[PDB]
Amino acid sequence: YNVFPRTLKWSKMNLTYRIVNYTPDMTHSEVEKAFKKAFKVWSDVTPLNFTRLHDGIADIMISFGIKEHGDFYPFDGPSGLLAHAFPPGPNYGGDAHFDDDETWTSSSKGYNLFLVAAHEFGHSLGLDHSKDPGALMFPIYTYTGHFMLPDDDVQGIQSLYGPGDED
Ligand SMILES: O=C(NCc1cccc(OCCSc2nc[nH]n2)c1)c1nc2ccccc2c(=O)[nH]1
Ligand SMILES: [Ca+2]
Ligand SMILES: [Ca+2]
Ligand SMILES: [Ca+2]
Ligand SMILES: [Zn+2]
Ligand SMILES: [Zn+2]
């Protein structure tokens, strides 16, 4: 027999993602680089592996949409809600949605896609919000300006998946 696990987490280390569509704001290459870097934040400190799929069904389906986009979490136009992600699980589980009424960038302007993606993927992997104002998983976006994952987030993700290779 099997009972359901204690926390919401992926039960496998090999995860897939798919970039379903793309924002007008950035080149395809910029978007791809941003997401690749965002996943690397988490794989660098766990045993998790992330592989991109070009089509079909991936664990983490990534898309850009506006207003009603196919779930119970409609977007709201410019500002306000910017993105959301589902905790680990089937179908919707793990998926990450970005509000395409926001301005997404590879800079300090608008919302930096890498930074928001890294936060959202934290949710996709089973982290909720932190109370540490310096954490990646703090609930309020601030662009501070070499990226290092804060210790609070390291401790959080490793509580779920272990450290993988520590060196
Ligand atoms: O801003 C930072 N972290 C918090 C954050 C990020 C993204 C979105 C956020 O909030 C989104 C709205 S809450 C929501 N809505 C739906 N899901 N979750 C909040 C940050 N961390 C860093 C950590 C290390 C180095 C630099 C930085 C840096 O430069 N910035
Ligand atoms: Ca919005
Ligand atoms: Ca999914
Ligand atoms: Ca946009
Ligand atoms: Zn959504
Ligand atoms: Zn969040």
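- For this deposited structure, the header cites X-ray crystallography as the method used and 1.6000 Å as the resolution.

Points about the overall build of the chain
Phase 1 of the analysis: What the chain contains, in helices and strands, is three helices and seven strands.
Phase 2 of the analysis: Going from N to C terminus, the chain has its helices and strands arranged as β-α-β-β-β-β-β-β-α-α.
Phase 3 of the analysis: The C-alpha radius of gyration of the chain comes to 15 Å, within 12% of the 15 Å expected for a compact globule of 167 residues.
Phase 4 of the analysis: Projected onto its principal axes, the C-alpha positions of the chain cover 45 × 35 × 30 Å.
Phase 5 of the analysis: Each of the 167 residues in the chain was classed as buried or not, and the buried ones make up 44%.
Phase 6 of the analysis: Of the roughly 9,700 Å² of accessible surface on the chain, a fraction of 55% belongs to carbon and sulfur atoms.
Phase 7 of the analysis: Charge centroids of the chain, computed over 12 positive and 23 negative side chains, lie 4 Å from each other.

With respect to the pattern of salt bridges
Phase 1 of the analysis: Applying the stated rule across the entire model yields three salt bridges.
Phase 2 of the analysis: With its nearest N and O atoms 3.3 Å apart, the salt bridge here joins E32 to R52. Within this pair, whereas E32 is found in helix α1 (residues 28-43), its partner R52 is found in strand β2 (residues 49-53), the two being separated by 20 residues in sequence.
Phase 3 of the analysis: The class for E32 is partly exposed, based on a relative accessible area of 21%.
Phase 4 of the analysis: With a shortest N-O distance of 3.0 Å, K40 and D44 are connected by a salt bridge.

Regarding the packing of aromatic side chains
Phase 1 of the analysis: Taken as a whole, this structure holds 13 aromatic pairs when the rule is applied.
Phase 2 of the analysis: Summarising the aromatic geometry, the rings of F39 and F121 are spaced 3.9 Å apart at their centres and angled 10° between planes, so their arrangement reads as stacked. Taken together, the residues span a long stretch of sequence, with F39 in helix α1 and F121 in helix α2 (residues 113-124) at a distance of 82 residues. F121 shares its class with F39; the two are buried.
Phase 3 of the analysis: Note on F98 and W104: the rings are 5.6 Å apart at their centroids and 85° apart in plane angle, and the pair reads as edge-to-face.
Phase 4 of the analysis: Joined through ring pairs, the aromatic side chains of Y17, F35, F39, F50, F64, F98, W104, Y111, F121 and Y141 make up one cluster.
Phase 5 of the analysis: Lying over the aromatic face of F114, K37 brings its terminal NZ or CZ to 3.8 Å of the ring centre.

Details of the coordination of the zinc ion (ligand 5)
Phase 1 of the analysis: Note on the zinc ion (ligand 5): its protein donors are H69 (NE2), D71 (OD), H84 (NE2) and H97 (ND1). The metal-donor distances range over 1.8 to 2.1 Å.
Phase 2 of the analysis: Because the angles between the four donor atoms bound to the zinc ion (ligand 5) fall within 97 to 120°, the donor set is best described as tetrahedral.

Comments concerning the site of ligand 1
Phase 1 of the analysis: Taken together, 18 residues form the shell around ligand 1, and within it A83, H119, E120, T142 and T144 come nearest.
Phase 2 of the analysis: Residue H123 places a side-chain N or O atom 3.1 Å away from a nitrogen atom belonging to ligand 1.
Phase 3 of the analysis: Within the backbone of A135, a nitrogen or oxygen atom sits 3.3 Å from a nitrogen atom of ligand 1.
Phase 4 of the analysis: Here ligand 1 has 640 Å² of accessible area as a free molecule, and 84% of this is covered by the chains.
Phase 5 of the analysis: The element best represented in the shell around ligand 1 is α2, accounting for four residues.

What about the side chain of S130?
Phase 1 of the analysis: Summarising the element assignment, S130 is placed in the loop between α2 and α3 (151-161).
Phase 2 of the analysis: By relative accessible area, which is 13% here, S130 ends up buried.
Phase 3 of the analysis: A polar contact is formed between the side chain of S130 and the backbone nitrogen of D132, at a distance of 3.0 Å.
Phase 4 of the analysis: Of note is the side chain of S130, whose polar atom sits 2.6 Å from the side chain of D152.
Phase 5 of the analysis: Those residues in contact with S130 that lie beyond four places of it in its chain are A135, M137, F138, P139 and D152.

Cut-offs and rules
Residues numbered from 1 in each chain as written, not as in the entry; some residues may be left out. Chains lettered and ligands numbered in written order. Heavy atoms only, no water. Helix = DSSP H or I, 4+ residues; strand = E, 2+ residues; numbered from the N terminus. Rg over C-alpha atoms; globule rule 2.2 N^0.38 Å. Buried < 20%, exposed > 50% of the residue type's maximum accessible area, 1.4 Å probe, protein only. Areas by Shrake-Rupley, 256 points an atom, 1.4 Å probe, with all protein chains shown as cover. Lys, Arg positive; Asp, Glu negative; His and termini not counted. Charge placed at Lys NZ, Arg CZ, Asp CG, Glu CD. Salt bridge = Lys/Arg side-chain N within 4 Å of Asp/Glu carboxyl O. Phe/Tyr/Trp six-rings, centres within 6.5 Å; stacked < 30°, edge-to-face > 60°. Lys NZ or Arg CZ within 6 Å of the ring centre and 35° of its normal. Donors = N, O, S within 2.8 Å, 3.2 Å for Na, K, Ca; no water. Tetrahedral: all angles 85-135°; square planar, octahedral: opposite > 155°, others 65-115°. Near = heavy atom within 4 Å. Polar contact = N/O pair within 3.5 Å; in protein donor to acceptor, adjacent residues only side chain to side chain. Contact = heavy atoms within 4.5 Å.

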